[PDB]
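Understanding the architecture of this molecule
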2 protein chains.
Amino acid sequence: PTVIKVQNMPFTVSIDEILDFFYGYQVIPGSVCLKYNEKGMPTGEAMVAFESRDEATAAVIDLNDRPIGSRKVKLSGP
Amino acid sequence: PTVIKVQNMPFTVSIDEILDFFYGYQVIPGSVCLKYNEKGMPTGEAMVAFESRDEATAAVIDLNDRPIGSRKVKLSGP
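- Going by the header, the method for this PDB entry is X-ray crystallography, and the resolution given is 2.380 Å.

Things to note about the pairing of strand β3 (residues 42-50) of chain B
Residue and element names in this part refer to chain B.
- Note: strand β1 (residues 2-7) against β3, five bridges, orientation antiparallel. Residue pairing in the sheet places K5 in a bridge with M47 of β3.
- The pairing of strand β2 (residues 33-36) with β3 spans three bridges and is classified as antiparallel. Across the sheet, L34 pairs through a bridge with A46, a residue of β3.
- The antiparallel hairpin formed by β2 and β3 contains five residues in its connecting segment, where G40 sits at a positive phi of about 85°.

So, the interface of chain B and chain A
- Taken together, the contact between chain B and chain A spans 14 residues of the former and 14 residues of the latter.
- Where chain B abuts chain A, roughly 1200 Å² becomes buried across the two surfaces, and 64% of that area is made up of carbon and sulfur atoms.
- For the chain B face of the interface with chain A, the top three residues by lost area are B:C33, B:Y36 and B:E38, together amounting to 39%.
- Scanning the region where chain B abuts chain A turns up four residue pairs in polar contact.
- Mapped by element, the contributors of at least two residues to the side of chain B that touches chain A are α1 (15-21) and β2 of chain B.
- The sheet contact formed by strand β2 (residues 33-36) of chain A and β2(B) spans three bridges and is antiparallel. Directly across from A:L34, in β2(B), lies its bridge partner B:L34.

Examining the pairing of strand β1 (residues 3-7) of chain A
Residue and element names in this part refer to chain A.
- Across the two faces of β1 the burial differs, with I4 and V6 buried and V3, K5 and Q7 not buried at all.
- As paired elements, β1 and strand β3 (residues 42-49) share four bridges and run antiparallel to each other. Residue pairing in the sheet places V3 in a bridge with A49 of β3.

A closer look at the nonpolar core
- Grouped together as the largest cluster of nonpolar side chains are 44 residues, with contacts concentrated most on A:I4, A:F22, B:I18 and B:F22.
- Setting aside anything within four residues of it in sequence, one finds B:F22 in contact with B:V6, B:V27, B:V48, B:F50, B:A59, B:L63 and B:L75.

Considerations on helix α2 (residues 53-63) of chain A
Residues and elements named next belong to chain A.
- By the burial criterion, the buried members of α2 are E55, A56, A58, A59, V60 and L63.
- Taken together, the buried residues of α2 touch β1, α1 (15-21) and β6 (74-76).
- Capping the start of α2, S52 holds a side-chain oxygen 3.5 Å from the backbone nitrogen of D54, two or three residues further along.
- Positive phi shows up at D65, right after α2, with a value of about 75°.

Cut-off values and rules
- Residues numbered from 1 in each chain as written, not as in the entry; some residues may be left out.
- Chains lettered and ligands numbered in written order.
- Heavy atoms only, no water.
- Pairing = 2+ DSSP bridges.
- Helix = DSSP H or I, 4+ residues; strand = E, 2+ residues; numbered from the N terminus.
- Contact = heavy atoms within 4.5 Å.
- Buried area = accessible area lost by both parts, 1.4 Å probe.
- Polar contact = N/O pair within 3.5 Å; in protein donor to acceptor, adjacent residues only side chain to side chain.
- Buried < 20%, exposed > 50% of the residue type's maximum accessible area, 1.4 Å probe, protein only.
- Core = buried A, V, L, I, M, F, W, Y, C linked by side-chain atoms within 4.5 Å.

Given below as structure tokens:
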């Protein structure tokens with residue numbers, strides 16, 4: 001269960017949205033961790049893990065550049 | 001790449017406070033990831049990255065069990 005990187009998120013996201021964005025994918029519900037900066041504000045980045053390595057590879061390829069609200073998100077890893 | 005987990009932080013913590021905890025080490029900026037469960041609630045846990053294995057090992061051993069707020073933080077990694 002590799003973890004993948006998720007960038008360029010709107011800063012209006014929620015945890016439900018991120019998980020929904022991965023609907024149909026073998027994602028781990030309590031694996032999301034949101035990155036913030038020194039000023040206490042989100043950076044639009046987060047880490048998300050899945051049940052397998054082929055499921056993380058499948059997400060990155062399949063959902064890269066796709067949108068969460070308005071922002072087209074960028075995926076990488078593992 | 002060399003990330004570590006942090007646990008036992010009060011549920012309400014700021015990044016500015018966390019960075020204070022890791023002063024003197026090369027914590028990759030913006031890498032501080034706050035974790036959430038499948039309910040989308042604060043876990044008191046985070047992930048943090050360093051540039052080398054050496055600095056993530058150096059942080060885990062020195063700072064392990066020090067406070068952030070009123071709790072003795074627990075480090076695990078790389």
